[PDB]
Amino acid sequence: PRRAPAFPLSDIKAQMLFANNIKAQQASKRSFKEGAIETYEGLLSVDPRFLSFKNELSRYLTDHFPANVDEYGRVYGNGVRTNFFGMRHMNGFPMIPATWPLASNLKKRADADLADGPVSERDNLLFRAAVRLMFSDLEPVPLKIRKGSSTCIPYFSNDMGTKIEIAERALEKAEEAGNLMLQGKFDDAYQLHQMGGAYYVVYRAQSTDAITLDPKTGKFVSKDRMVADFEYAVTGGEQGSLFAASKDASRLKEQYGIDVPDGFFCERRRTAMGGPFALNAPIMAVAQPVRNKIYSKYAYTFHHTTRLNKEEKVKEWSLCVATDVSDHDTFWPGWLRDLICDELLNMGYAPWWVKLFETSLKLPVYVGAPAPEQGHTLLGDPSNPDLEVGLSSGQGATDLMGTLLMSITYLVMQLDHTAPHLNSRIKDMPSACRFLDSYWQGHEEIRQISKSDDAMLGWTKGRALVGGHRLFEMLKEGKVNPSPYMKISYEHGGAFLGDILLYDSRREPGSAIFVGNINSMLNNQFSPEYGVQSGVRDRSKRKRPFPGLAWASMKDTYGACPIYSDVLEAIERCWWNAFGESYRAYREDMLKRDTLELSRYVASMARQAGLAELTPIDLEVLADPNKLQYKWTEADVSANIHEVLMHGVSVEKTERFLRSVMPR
């Protein structure tokens, strides 16, 4: 297709994305920035002692605890699935350059031999059925907003009062805005109600990424991460180039005088997108009720909490297949957006709301700073949104879009390769709805537990079982993609939402158990994705509000990992060698301090009652709110704790809004 139009920041189309206030203006111009993070209060990620510690711990653990993953990617034994060199990154310093987001993924999908629409009428009915079951009998709830999160385009406000006003105003004018859009008046909808414009593209760190130690050379090698330059991004890959970013950290020495030990690299950086809040609010007001519905009625498939919660479902299976999806967000198909919108209209959803929804999935993107001297460019024209970026992480229902796509993708996979006998049950909408309603409740011989791009597919005893083994074998072979919709493979070291499925000698689900991933404990403790932001007075607004609290939930979260004790002892030993102090004592102090600080934020919490009323989930979330995005949901956290991290808009205002959106 055509190249997407691009506008420099000086152009009026990009200028219009940033309000006439300092924050917005600074956000538009912010140049590439890097620097060591404050891993913990008073400790830099590049502190010589800390890097020495990481070098000793990483080698030691890898040495003594080699991965235990079989030929089918099932993990067993020590519950270790890879080496421990992932911790060897100079946290805060990114690979250069970060990628330019692809303005269109049509070609990327076509070239990967993925379909440009439902391949059969059956699939078409299943995707639409997914829409009818998910968006049908919704109950209004307060629109909850994350504290400290930015409203992005055009105001970039982080003020709760301002966010609540923006959100309330948005639920009030959404109808008018959507109708303007239905008339092709996007500039009007944006100018009047700030609904439109673009996603603000930021780069986030994936603090740990694969690193291997070459036996032959004795040198460490970081996994190459391919990035697209501007030409490639605007032409959907027809021109320009895709090349490996540089993770080499040598530069830190001459540039900053930072000492770079051997085998330490710059961090992998991923794109994140901040949505224009006025547009997302009306979307989030529907999205939450949808989540509430699927996590309740379809809890079997979609509601995952503890490792035992997962385990109970999986141990009833005769076969469990741990899938992997390649680059889910960028391959997400715009045809599914259009299918979902079309089906919502068929269900009687307000056209103006569906239009807001459709538009949220075609919005231009404003690229900030992928590298020194690059960026500050708007891709796509906000006057007529027509990008096909795949799925924007900042869209108000991103989790649901990925979940709807994949859940049906896996079911189709199970039907195609193992359960032809179930096809006669999917003949029209009613029967498709009935079958999907039953499958999602775990009532069929083929099952799944999934979230966005993570899942485990199951087969009980029955006719499909033999096909299930063939599918598994096909995946192991890795020669033929089992799906026409996304690039599916098997996970090397099967895990689901953070918990590794630990298999015994029988290599069967019934005798397998879910254990915490010890490598994630290390990632969270020694390679956080953000510094402690000690300059942000209000801790509820920080990326890591109460880092110390994770120590109190550690045993609960990682206690079942086979080498749990071993890792804690190796840490203690190496921290001793590097700092001359006890890591455990260090964490107990942090734990006490954050525990005291926390009572300042929790009203119900006695001005010093312990952590007695808090669950392990509560703790992990207070230390890392991001887990409330990729792992758990509001309902999994104690109510008094939830209020620490979120604030809501009146139920009355959303109720009125929701009534005007929904069919009946």
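The first residue of the sequence shown is number 1, and the count goes up from there.
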Hey, which bit's got the bigger mean C-alpha B factor in the entry, 324 to 332 or 72 to 80? 72 to 80
Mean C-alpha B-factor comparison - 53 to 61 and 609 to 617, higher one: 609 to 617
Of the residues 362, 303, 544, 337, the one carrying the largest Cα B-factor as recorded: 303
Peak C-alpha temperature factor (PDB record), options 107, 193, 573, 487: 573
On the chain's distribution of Cα B-factors, residue 17 falls within the third called lowest
Where does residue 513 sit by CA temperature factor within its chain: lowest, middle or highest third? highest
Chain-wide C-alpha B factor ranking for residue 413, given as lowest, middle or highest third: middle
Ranked C-alpha temperature factor of residue 491 among modelled chain residues, by third: middle
Can you work out whether the C-alpha temperature factor of residue 136 puts it in the lowest, middle or highest third of the chain? highest
